[PDB]
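See below for the structure under consideration.
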There are 2 protein chains.
Amino acid sequence: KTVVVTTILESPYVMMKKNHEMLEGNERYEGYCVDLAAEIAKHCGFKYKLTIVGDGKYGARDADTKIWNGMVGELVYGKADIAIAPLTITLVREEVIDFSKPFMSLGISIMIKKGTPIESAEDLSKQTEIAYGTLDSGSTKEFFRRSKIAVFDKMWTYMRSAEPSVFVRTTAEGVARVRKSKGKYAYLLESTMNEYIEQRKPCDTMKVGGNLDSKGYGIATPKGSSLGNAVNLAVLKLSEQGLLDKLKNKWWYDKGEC
Amino acid sequence: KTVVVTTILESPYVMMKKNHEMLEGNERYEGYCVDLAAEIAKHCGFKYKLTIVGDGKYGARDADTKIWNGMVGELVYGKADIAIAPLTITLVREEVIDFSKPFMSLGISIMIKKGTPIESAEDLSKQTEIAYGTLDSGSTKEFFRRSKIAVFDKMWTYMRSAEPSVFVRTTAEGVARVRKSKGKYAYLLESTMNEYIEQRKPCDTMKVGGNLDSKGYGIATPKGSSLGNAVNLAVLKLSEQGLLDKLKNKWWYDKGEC
Ligand SMILES: C[C@H]1Nc2ccc(Cl)cc2S(=O)(=O)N1
Ligand SMILES: C[C@H]1Nc2ccc(Cl)cc2S(=O)(=O)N1
Ligand SMILES: N[C@@H](CCC(=O)O)C(=O)O
Ligand SMILES: N[C@@H](CCC(=O)O)C(=O)O
Ligand SMILES: [Zn+2]
Ligand SMILES: [Zn+2]
Ligand SMILES: [Zn+2]
């Protein structure tokens, strides 16, 4: 049986190659997670098919319906057998799906347009001239929603009520917003994605401040899956062989443009 | 039933209180892991007893006997129900015990006496004047023994054959050797312990270079233990509420002496 892998279009994790449409199936894609899926499949001994998540979201549970969307929903409702993506390990998710040990570390960070007079989250909260937001249906938004830290709850109170909306449907939308907004929009996103974008043309963005928290991405499977154990061990193996570090250098820093 | 917790005397994770002789049970100890154990037990709803590991080791499997020693041993052989300690998540351990998601990140790092002419593992490997070693029966030694990376295998070949021995039985022994050796000994140990020592008088050592790897400590339980699930969720919860960061600050940097 071929394993259905859910993932998401997110640079440099999963990207359509420049040549694609002349290629077929898995070959259409490239990136850290595409390479990772390959090794994971190799060491676990399964064939697989990469599919881009239908609704284009990471995964959150609807307040009223209690229905999960995104890649999380795909696993929960049996539409996919495994997710291999920049998917954040969190408590509410670990309650409904299984995560491997983390394959990559990250924290919530701030992206600004170069020159923006912001140095920290504290800076954002103490002012109103520069607007800021996060991705919808992801862990960063939930982070601010649930934070008791004074600075972060202040930020959340502002964001949830802002007008026009400060939330974005995709990471690319957030980044495009920062770039087009003359320094009047800052974007809250994970450090991994922030650092990648910083080293890409037009080289007009910048990560400011330290990370707001510390967590990791994990490969996820439906609760009680038979793939769970093998995937976890494979991740540990790849980490100890240095393959994960290798992949990271290949996709972040070998690919620098600035 | 009272949960038997195995841990290890290692600053600032677990230390004897100054007046420990006049105190009882769990009250004899203080430190990061003592604080963490209390929270874990509170959130999981069990009573517990802290016990220091008999042989003072973290855990390695004898090449010949195939017997596990240290904390891993206590778990494998049923002397303890859970280990809460700076116990590194590794593949060979994951095969015989279970680990929660990591509560703290670290990587192997280099400790030098200030002014030592070393900037990297590569630097260490290309020279002989400065000796270097690691702790016995731990993940750091196993990392070098197993590594295929040119630089790390080269270091291992030197270390395994060096005389007198470059290996030490305790972290404190390592640090003292760095301090006593006027620059001629470098010590390979986890970044967390390295960062801690850096902040203690006499302030004569420092961490140089980037980390050689990236991993974390996890709370360990015997394979198929009923505690596994609740402990994992507890770590994520405390992580997300910011407690882990607060504890690190308390024991590392708030008490800073340098
Ligand atoms: C408790 C939580 N903490 C951390 C910290 C760092 C990294 Cl890279 C991974 C994790 S996690 O797997 O999400 N577990
Ligand atoms: C695969 C391995 N990678 C990493 C990376 C960072 C941190 Cl803090 C923890 C881990 S781990 O739990 O050992 N899993
Ligand atoms: N990695 C996040 C998506 C990006 C974000 O939330 O900032 C998640 O798994 O939900
Ligand atoms: N944390 C390590 C011990 C310290 C070291 O090996 O440097 C372990 O679990 O084995
Ligand atoms: Zn491989
Ligand atoms: Zn709804
Ligand atoms: Zn608590």
Side-chain angles (χ1 to χ4, degrees), chain A residues 32 35-45 84 86-95 97-109 139-140 142-143 190-192 211-220 230-240 242-248 250, chain B residues 32 36 39-40 43 84 86-95 97-109 139-140 142-143 148 190-192 195 210-220 231-240 242-248:
Chain A
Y32 177 101
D35 284 351
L36 178 50
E39 276 293 315
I40 293 290
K42 177 193 284 289
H43 283 269
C44 288
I84 302 186
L87 186 66
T88 302
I89 296 157
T90 70
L91 176 63
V92 293
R93 292 172 176 171
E94 188 85 283
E95 293 182 342
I97 60 178
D98 289 341
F99 283 100
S100 75
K101 287 297 178 307
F103 63 83
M104 184 175 303
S105 66
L106 65 308
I108 297 168
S109 61
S139 54
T140 295
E142 178 76 359
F143 172 87
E190 299 175 327
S191 59
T192 41
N211 298 344
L212 275 42
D213 68 356
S214 300
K215 52 206 179 186
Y217 300 140
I219 292 177
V231 163
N232 187 58
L233 299 182
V235 169
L236 291 185
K237 180 111 89 172
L238 298 179
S239 176
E240 301 190 355
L243 179 88
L244 301 179
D245 290 327
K246 175 174 315 285
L247 262 28
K248 179 79 190 275
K250 175 183 172 189
Chain B
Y32 178 97
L36 174 54
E39 283 282 339
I40 292 298
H43 283 269
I84 296 179
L87 186 60
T88 304
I89 294 161
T90 77
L91 175 58
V92 283
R93 293 175 172 171
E94 188 71 283
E95 288 172 352
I97 59 175
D98 288 339
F99 283 100
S100 76
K101 291 295 187 294
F103 60 87
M104 186 178 294
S105 58
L106 70 307
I108 295 161
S109 66
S139 58
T140 293
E142 172 80 0
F143 171 84
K148 310 291 196 43
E190 298 172 325
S191 54
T192 47
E195 286 154 0
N211 290 342
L212 289 65
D213 69 1
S214 309
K215 51 206 170 189
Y217 303 140
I219 293 156
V231 165
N232 189 56
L233 299 172
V235 175
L236 289 168
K237 168 103 81 155
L238 301 172
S239 181
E240 284 172 14
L243 180 53
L244 304 187
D245 294 336
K246 191 192 298 278
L247 256 19
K248 177 95 180 275

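Every chain is numbered from 1 and lettered A, B, ... according to where its sequence line falls, protein lines coming before strand lines. Atoms within a ligand are numbered from 1 in the order they appear, just like the ligands themselves. What's counted below: heavy atoms across the whole structure, side chains too, no hydrogens, waters or symmetry copies.
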Examine the side chains of B:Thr88 and B:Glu190 and answer whether a donor and an acceptor come within less than 3.5 Å of each other. yes
For the Zn ion (ligand 5), find the closest N/O/S atom belonging to A:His43 and write down its atom name. NE2
Answer yes or no: is there an ion pair linking B:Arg93 with B:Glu142, defined by an N-O contact shorter than 4.0 Å? no
Nearest non-hydrogen protein atom, atom 13 (O) of ligand 1: A:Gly216 N, 3.7 Å
Judged by modelled atom types alone, do B:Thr192 and B:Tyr217 share a side-chain donor-acceptor pair under 3.5 Å? yes
Quick check against the 3.5 Å criterion: does A:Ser191 have a side-chain atom that pairs as donor or acceptor with the backbone of A:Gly107? yes
Sidechain-backbone polar pair: B:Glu94 side chain, B:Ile89 backbone, donor-acceptor under 3.5 Å: no
Considering B:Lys215, B:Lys101, A:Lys215, which one's heavy-atom position lies nearest to atom 6 (C) of ligand 2? B:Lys215
Provide the number and element of each atom of ligand 1 under 4.0 Å from a heavy atom of A:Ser105. 8 (Cl)
At what distance is the nearest protein heavy atom to atom 5 (C) of ligand 2, and which residue and atom is it? B:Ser214 O, 3.7 Å
Just jot down the ligand 1 atoms closer than 4.0 angstrom to any heavy atom of A:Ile89, in number order. 12 (O), 13 (O)
Just by modelled atom types, is the B:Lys101 backbone N or O under 3.5 Å from a matching donor or acceptor in the B:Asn232 side chain? yes
What N/O/S atom of A:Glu39 gets nearest to the Zn ion (ligand 5)? OE1
Ligand-residue contact atoms, ligand 1 with B:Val235, heavy atoms, under 4.0 Å: 1 (C)
Among non-hydrogen protein atoms, atom 2 (C) of ligand 2 lies closest to A:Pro102 O, 3.3 Å
